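Engineer: This structure is in structure tokens; I'll ask about it shortly.
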Amino acid sequence: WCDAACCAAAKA
Ligand SMILES: *Cc1cc(C*)cc(C*)c1
């Protein structure tokens, strides 16, 4: 969390 996967999921 608060990583590139978190921000990719938030964007998607
Ligand atoms: C703290 C944080 C930052 C991003 C880019 C995304 C998430 C889910 C949390």
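Ligands are numbered from 1 in the order shown, chains are lettered A, B, ... in the order of the structure tokens, and residues start at 1 in each chain.
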Residues contacting ligand 1 - anything with an atom at most 6 Å away, using only C-alpha atoms and all ligand atoms - can you give me those as a list in words?

Structural biologist: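 So the residues close to ligand 1 are residues 1, 2, 3, 6, 7 and 10 of chain A.
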
Engineer: Apply DSSP to the backbone of this structure and, from chain A, keep only the residues in alpha helix (DSSP H); write these as a list in words.

Structural biologist: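 Written out, the alpha helix (DSSP H) residues of chain A are residues 4, 5, 6, 7, 8, 9, 10 and 11 of chain A.
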